[PDB]
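What follows is a single structure, written as structure tokens, with notes after it.
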Amino acid sequence: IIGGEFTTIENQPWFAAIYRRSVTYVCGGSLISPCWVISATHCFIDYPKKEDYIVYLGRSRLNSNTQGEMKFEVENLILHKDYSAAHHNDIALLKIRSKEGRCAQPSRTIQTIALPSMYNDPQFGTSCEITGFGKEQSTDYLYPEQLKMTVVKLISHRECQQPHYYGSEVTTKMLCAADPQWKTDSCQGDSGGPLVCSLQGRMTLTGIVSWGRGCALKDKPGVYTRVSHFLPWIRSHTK
Ligand SMILES: NCc1ccc(CO)cc1
Numbered sequence: 159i160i161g162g163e164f165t166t167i168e169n170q171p172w173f174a175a176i177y178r179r184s185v186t187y188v189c190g191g192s193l194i195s196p197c198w199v200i201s202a203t204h205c206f207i208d209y210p211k212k213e214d215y216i217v218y219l220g221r222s223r224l225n226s227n228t229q230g231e232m233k234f235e236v237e238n239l240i241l242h243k244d245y246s247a251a252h253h254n255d256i257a258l259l260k261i262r263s264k265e266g267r268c269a270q271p272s273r274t275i276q277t278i279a280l281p282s283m284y285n286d287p288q289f290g291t292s293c294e295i296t297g298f299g300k301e302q303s304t305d306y307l308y309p310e311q312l313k314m315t316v317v318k319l320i321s322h323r324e325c326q327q328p329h330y331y332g333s334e335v336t337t338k339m340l341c342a343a344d345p346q347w348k349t350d351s352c353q354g355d356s357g358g359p360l361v362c363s364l365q366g367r368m369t370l371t372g373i374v375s376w377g378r379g380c381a382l383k384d385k386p387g388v389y390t391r392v393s394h395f396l397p398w399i400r401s402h403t404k
């Protein structure tokens, strides 16, 4: 995350830290249920084998072991079959189970986030949050050690559809978000992470970090996977 502020897992008890096996951080994720973490398909497309992944919950540090955190294996790695690298249908599901075979046990640093209602997103210009261990700066080589989160505003399709923006690269199955100043945003590493908005007075998983041109660049909104357009896929795939 470019800009924003640091936080701990307590303010994002539903965020998951996904890693892979020869050692290393892959992408953020969101716990939508006890055994299911939702993320982005572009995050696993190159290494489809569910056996090289570790998913932590209740974790606020990148290379440290946040006390209270839980480590899980990936019982299932479900990628959207209609994905295409700008990314289409950039949504993925990971069924978690630890070694002693258990799903996630809710607590103060681990909780679930509710999904939206079909085709229902906050009004445009609304403030939402984004969490991740992504770069704090485009030129940075390292990733922040502490978890980060910032605020961005929902942009209309018409607006993001423009050409000085992303033109046609963006579809109705996608959401754009940005600062009015373009000074804060999601960036490399933050993919798969949650775009949370309060809808009807309820923290809702409105989007999943998917892509964007650069980071915090003018007229270059961060694009997210519009979750309220994927519930049937999500429901059937978690049956
Ligand atoms: N390469 C990942 C990436 C994620 C997100 C944004 C949003 O700016 C940009 C880039």
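Reading the sequence shown from the start, the letters are residues 159 to 179, 184 to 247, 251 to 404 in mature numbering (1 follows the signal peptide of the UniProt record, and there is no 0). Ideal Cβ positions, reconstructed from N, Cα and C, are used throughout, including at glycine.
Cβ shell of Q326 (< 8 Å), same chain only, five flanking positions each side left out: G332, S333 and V335
Report the rounded CA-to-CA distance for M368 versus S282, giving the unit in angstroms. 12 Å
From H253 to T304, what distance separates their C-alpha atoms? 26 Å
Relative to ligand 1, is the shortest distance from any of its heavy atoms to the C-beta of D344 smaller than 7 Å? no
In angstroms, rounded to a whole number, what distance separates the CA positions of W376 and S263? 30 Å
Are the Cβ atoms of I207 and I200 separated by less than 8 Å? no
Considering only heavy atoms of ligand 1 and the C-beta of each residue, which residues fall inside 6 Å, strictly closer? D350, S351, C352, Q353, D355, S356, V374, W376, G377, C380 and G387
Residue from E301, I240, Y187 and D244 with nearest C-alpha to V217: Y187
Please confirm if the region 283-303 is in contact with the region 227-237, defined as three or more CB-CB distances below 8 Å between the two stretches. no
Beta-bridge pairing of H253 - partner residues as DSSP gives them: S246
For a quick check, are the C-beta atoms of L258 and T403 less than 8 Å apart? yes
Span of the alpha helix (DSSP H) around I399: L396 to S401
Tell me whether the region 336-346 and the region 166-174 touch, counting them as touching only if at least three CB pairs, one residue from each stretch, are closer than 8 Å. no
Let me know if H242 comes out buried or exposed under the rule of 16 or more other beta-carbons within 10 Å of its beta-carbon. buried
Does the distance from the CB of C205 to the CB of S393 come in under 8 Å? no
Can you give me the start and stop residues for the alpha helix (DSSP H) that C352 sits inside? Here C352 belongs to no alpha helix (DSSP H), and DSSP marks it neither H nor E.
In angstroms with no decimal places, state the Cα-to-Cα distance between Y308 and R223. 11 Å
Report the start-end ranges of each beta strand (DSSP E) in the region 310-374 that is 3 residues or longer and not cut off at the edges. 313-320, 339-343 and 359-363
If you follow the beta strand (DSSP E) that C293 is in, where does it begin and where does it stop? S292 to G297
Among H322, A279 and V316, whose alpha-carbon lies nearest the alpha-carbon of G297? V316
Looking only at DSSP bridge pairs, what is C197 linked to? Answer is none; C197 lacks a bridge partner.
Helix or strand or just coil, what does DSSP make of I159? coil
In the DSSP assignment, find the unbroken beta strand (DSSP E) run with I240 in it and report its ends. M232 to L241
Output needed for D350: all residues of its chain with C-beta closer than 6 Å, excluding positions within five of it in sequence on either side, in chain order. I160, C380, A381 and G387
Measure from the alpha carbon of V361 to the alpha carbon of each residue in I295, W172, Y177 and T277, then state which is nearest. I295
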